[PDB]
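Peer 1: Output the structure for:
(7 chains)
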Amino acid sequence: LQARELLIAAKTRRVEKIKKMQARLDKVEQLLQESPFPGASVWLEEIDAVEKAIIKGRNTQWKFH
Amino acid sequence: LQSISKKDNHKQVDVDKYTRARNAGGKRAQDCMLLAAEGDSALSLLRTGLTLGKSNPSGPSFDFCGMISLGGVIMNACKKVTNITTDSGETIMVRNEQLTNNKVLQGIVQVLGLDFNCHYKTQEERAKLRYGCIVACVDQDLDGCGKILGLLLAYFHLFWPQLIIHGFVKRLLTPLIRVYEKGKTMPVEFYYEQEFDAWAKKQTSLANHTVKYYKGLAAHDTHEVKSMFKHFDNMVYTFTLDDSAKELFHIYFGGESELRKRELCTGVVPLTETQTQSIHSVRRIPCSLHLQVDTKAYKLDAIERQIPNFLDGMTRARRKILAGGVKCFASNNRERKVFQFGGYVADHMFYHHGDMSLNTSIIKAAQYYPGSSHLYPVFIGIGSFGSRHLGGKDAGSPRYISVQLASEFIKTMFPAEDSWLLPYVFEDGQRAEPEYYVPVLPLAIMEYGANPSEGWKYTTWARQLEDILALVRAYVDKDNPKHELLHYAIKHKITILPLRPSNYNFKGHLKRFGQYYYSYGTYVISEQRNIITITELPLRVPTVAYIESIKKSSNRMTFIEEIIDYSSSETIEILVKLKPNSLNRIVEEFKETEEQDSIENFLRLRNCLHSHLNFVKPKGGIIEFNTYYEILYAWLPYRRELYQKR
Amino acid sequence: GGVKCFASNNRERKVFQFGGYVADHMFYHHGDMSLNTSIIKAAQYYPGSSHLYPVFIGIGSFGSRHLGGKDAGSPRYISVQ
Amino acid sequence: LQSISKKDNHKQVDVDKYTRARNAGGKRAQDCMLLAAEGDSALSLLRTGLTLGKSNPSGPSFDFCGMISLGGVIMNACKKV
Amino acid sequence: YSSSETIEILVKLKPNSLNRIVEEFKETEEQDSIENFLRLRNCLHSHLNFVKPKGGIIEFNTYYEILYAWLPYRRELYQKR
DNA sequence: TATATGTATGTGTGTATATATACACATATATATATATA
DNA sequence: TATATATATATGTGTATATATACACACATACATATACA
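Peer 2: Numbers count the residues shown, from 1 in each chain, chains lettered A, B, ... in the order given. You can find the structure just below:
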């Protein structure tokens, strides 16, 4: 560990980063158990992102301006 | 025509890069060898080797050895010859005019002094030649060891089997991989690639070995060629002809493909211990045992290289190009040239082939025009990348044009946190690229393609985007009112939701008649000037190829006078001119059915969307589907399990 | 570009791959064939060659006295370090 | 010698990489251009650009423009004469 | 009959023709009659035309001039480091 | 004298295998070509 | 034997391009080989 890390703001940032990882661990265990199979909403979100990227690439003659 | 043009093109006395033996065609002519190499760099190696005058006092030299080039890949004669039956009850074997005029084979016939109407059964006939044996110094990679050596054997079998009986066709035997241990003074030599892969997977610490791949034989250093030419006669082999060999030479190189489909499902039979000891001890090779290992391993390799995988939709080369492009443009998305990016993806992805084919693959992976192969390309192309009109064959040279990573499409379709959890390919020990990508969408049915291969054909026509989105949202989403119906249809192999061809960027029209779709272009007629204006061609029809095809049919040239192209860069506009009073002759002469018009029958304005859905599967091997629904239903569980493990 | 390319470990590369590296990182604004010819001839070593003290070690077939170095391999085949 | 000058060395045809204009050698022959380019990728650019159909009503097209390639570097005639 | 790194050429003469070479190809002091016959000497004729720092040609008359022009650059580069 | 009917060629797509060619620039050497001498 | 041409080769660093082969299959163009005859 660098001596930059031993300050009070770095302690505060590590505390909130521990809080964010705890919340993310709760979300991961919450969406491992969903129906029909694990990870069913995540793949819907990736469907939506790929579809709008295909639209934005068709609008710019596949140059992505 | 030859005599008109012989004052500039006189008799080429190169005989295809032939080097004379000091004793070729004399009293000791049967003491002589002919080291037929594959190119010119190979001849550089062989001429370096045959001149070690006192570093190799027990070696060969040019007193009894010649050289000649095989010119790349040999033509086969089994598909270019006809057995014709005469009156007396004998089938004579008459060749083709294309096979007769092949410059490479003319060279070796003039060098060896062969005769086509001889049979060489007696030794009085087998001493009228100019050399004693042909010796094929070819590469040890699977292309040169299998393909052109099998075609050379097939040529000599198809015309003179008695010389394969009596020991006339020979070959060297070189390493393909050498591995150098730190400290010790002897390397480990592997002759096949899968032998080295099974070896290198067994190890636990390969941190101090240096694996050397020898692509062609001209990559061999000076101490290596000295140690290979001190043991020259130690490593020449000879072919022996079996009685079961005629069926194998008819399967692999005959004009019937279904024998080759029926064979090439199962993998290569491993080689036994008695056969191994017999080959390495008595130093002879049966032709059938060669055709069922080397030629079959080559043909399976060519299916792997030339046919896509049904998960990601891309071949082996395009998968290396995508992996090297994600690795290269990581820091900033700064442009590179084509040859510089090709050098990068040949260095870091362990590509073991030529550079011209890799650069052509990068160019055609970057192209985007109405009717190109890729509807969703990996790269953004910057420069001149060709047009509809010459079919994309009018791009720039690779020193001019540039590519760039289409970063957000590559990020969304192929997520980065998924690529840590895929099976990879190892070349020479290190990771290079995945076995496959598993995209968010079934990209193998979303684009085009038309290739030949060994045994099989590949041809696809892309589907609508909205149909595929509706299918995957019916599978995944539980609040979609076509969820359990589609699950029942997956259980019982029936269809519910439509799956139409892709009409995007196409302004003609599609019609389903019986069991296939047809695509139709658009004309526009005017009898006041005898002008038909073509405003649309069918799917994937080049413009100048269409116009030159309509000019060769003299049945159609008797009705038109002048044809003028007014096309745009991406829009078709073709203008014909008719000689007066010929529309009614077209209507009564080119008849109209209810599937195609008379004007479309006249102007070649429809084609069939005919598919050949033949892919490769994971862990190797062909798989052949019947409809696109089968490909989608095979695709879905891989993506499901990949989400679970991430 | 060769001092910078073989910095980490001195593993050999093909001539066209090293040529792509030195045309990328050294801003070479010309064609690719003459660069590969210069990389080939900048590594040759035989009695009567141009360079008596070459920059590179050449691994493969790099031509001989008897054709003046004009019979090397293609860049697809041979290597330098 | 007449049959050597002729017969063998008789009349030939048109050259390669040549796209004529629609109005070459006619009643408006003087108002046509020859856009002589350096290779074939340049002719691919010129074919891309002379076919802007309705997206460039003020630009040229093949009604009064042609194309031919210069073959790389021109031979000089100032020292072969 | 040459090896890959050592010359060995073999000629064969027409019978009783060693004598007729000497009157045809006269022996000067600078070269022998055989070396006149078999093209076995050449002149080492130099053209020491280089480019200099900040561009432009420079032209020397002997190799000593090149050495004497080279030495101070290495001197000042040691002082700089 | 029209009709079929079984023959034979022929480009075309992707991923492979092996090659080929024109031009600029300076200067020393070369091997045959040329007058006019006669 | 002489004075005189005009074409001809090779070196490094540059400028441009050409071409043969494999593999599958739907499709296009060329006869041609008969079979009633006529």
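Peer 1: Identify the residue of chain B closest to chain E, quick one.
Peer 2: Residue nearest to chain E within chain B: residue B:53 (3.9 Å; Cβ to the nearest Cβ). Using the backbone N, CA and C atoms, a C-beta is placed for each residue, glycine as well.
Peer 1: What of chain A?
Peer 2: Counting by Cβ to the nearest Cβ, chain A gets nearest chain E through residue A:2, at 32.9 Å.
Peer 1: what residue is smack in the middle of chain A?
Peer 2: residue A:24 (9.1 Å; Cα atoms, centre = their mean).
Peer 1: and residue A:35, what does it touch?
Peer 2: By Cβ atoms under 8 Å, 6 or more residues apart in numbering or on different chains, the contact list for residue A:35 reads residue B:478.
Peer 1: Now do the phi/psi pair for it.
Peer 2: With angles defined as degrees, to the nearest 10, residue A:35 sits at phi -110, psi 140.
Peer 1: so after the helix ranked longest in chain A, what's the next helix or strand?
Peer 2: If you go by DSSP state H, chain A has its longest helix at helix A:8-31. Heading C-terminal from helix A:8-31, the first helix or strand you meet, by DSSP states H and E, is helix A:40-59.
Peer 1: so how far is that next one from its chain's centroid?
Peer 2: Centroid separation between helix A:40-59 and its chain, computed with Cα atoms, centre = their mean, to the nearest Å, is 16 Å.
Peer 1: looking at it, residue B:374 is touching residue B:447, isn't it?
Peer 2: Yes - here residue B:374 reaches residue B:447: they are 5.5 Å apart, a contact under Cβ atoms under 8 Å.
Peer 1: What is the neighbour count of the residue of chain A closest to chain E?
Peer 2: 6 (other Cβ atoms under 10 Å in any protein chain shown).
Peer 1: which ones are touching residue B:160?
Peer 2: By Cβ under 8 Å, 6+ apart, the neighbours of residue B:160 are B:114, B:118-120.
Peer 1: do the same with residue B:406
Peer 2: Contact partners of residue B:406, counting by Cβ under 8 Å, 6+ apart, are A:57, A:62, A:64, B:377-380.
Peer 1: Could you rerun that using 10 Å?
Peer 2: When contacts are counted by Cβ atoms under 10 Å, 6 or more residues apart in numbering or on different chains, residue B:406 touches A:53, A:57, A:62-64, B:325, B:329, B:333, B:366, B:368, B:376-381, B:413.
Peer 1: So which of those sit within helices?
Peer 2: Reading helices off the contacts of residue B:406 with DSSP H, I get A:53, A:57, B:325, B:366, B:413.
Peer 1: Surely the third one and residue B:377 touch.
Peer 2: No - Residue B:325 is beyond contact range of residue B:377, at 11.2 Å (criterion: Cβ atoms under 10 Å).
Peer 1: Looking at the two, which is more packed in?
Peer 2: Neighbours were counted for residue B:325 and for residue B:377 using other Cβ under 10 Å; residue B:325 has more, 24 against 21.
Peer 1: Please list which of the ones in helices among the contacts of residue B:406 are also close to DNA strand F.
Peer 2: When contact is defined as Cβ under 7 Å from any atom of the strand, the ones in helices among the contacts of residue B:406 do not meet DNA strand F at all.
Peer 1: for those, which one is nearest DNA strand G?
Peer 2: Proximity of those to DNA strand G (Cβ to the nearest atom of the strand) peaks at residue B:366, which lies at 18.2 Å.
Peer 1: Could you report the distance from the closest one to residue A:50?
Peer 2: 20 Å (Cβ to Cβ, to the nearest Å).
Peer 1: The two - which one has more neighbours?
Peer 2: residue B:366 (27 against 22).
Peer 1: what distance separates stretch B:270-284 from the centre of its chain?
Peer 2: 32 Å.
Peer 1: Sort out which residues of that stretch are buried, please.
Peer 2: By 16 or more other Cβ atoms under 10 Å in any protein chain shown, the buried positions in stretch B:270-284 come out as residue B:279.
Peer 1: Residues contacting that stretch, please?
Peer 2: B:167, B:173, B:192, B:194, B:233-240, B:285-286, B:289-290, B:292-293.
Peer 1: Filter these down to the ones in strands?
Peer 2: Within the contacts of stretch B:270-284, residues falling in strands by DSSP state E are B:237-240, B:285-286.
Peer 1: Pick the one among those closest to residue B:437.
Peer 2: residue B:285 (41.2 Å; Cβ to Cβ).
Peer 1: which strand residues sit across from that closest one in the sheet?
Peer 2: Note on residue B:285: beta-bridge partners by DSSP bridges are residue B:239.
Peer 1: show me what contacts residue B:407?
Peer 2: A:64, B:326, B:329-330, B:333, B:380.
Peer 1: try 7 Å this time
Peer 2: By Cβ atoms under 7 Å, 6 or more residues apart in numbering or on different chains, the contact list for residue B:407 reads residue B:333.
Peer 1: and if you look at residue B:629?
Peer 2: Residue B:629 neighbours (Cβ under 7 Å, 6+ apart): B:495, B:499.
Peer 1: In the helix or strand it falls within, which residues are buried?
Peer 2: Using DSSP H and E, residue B:629 sits in helix B:628-645. Neighbour counts over helix B:628-645 (16+ other Cβ under 10 Å) mark B:628-629, B:631-635, B:639-640, B:642-643 as buried.
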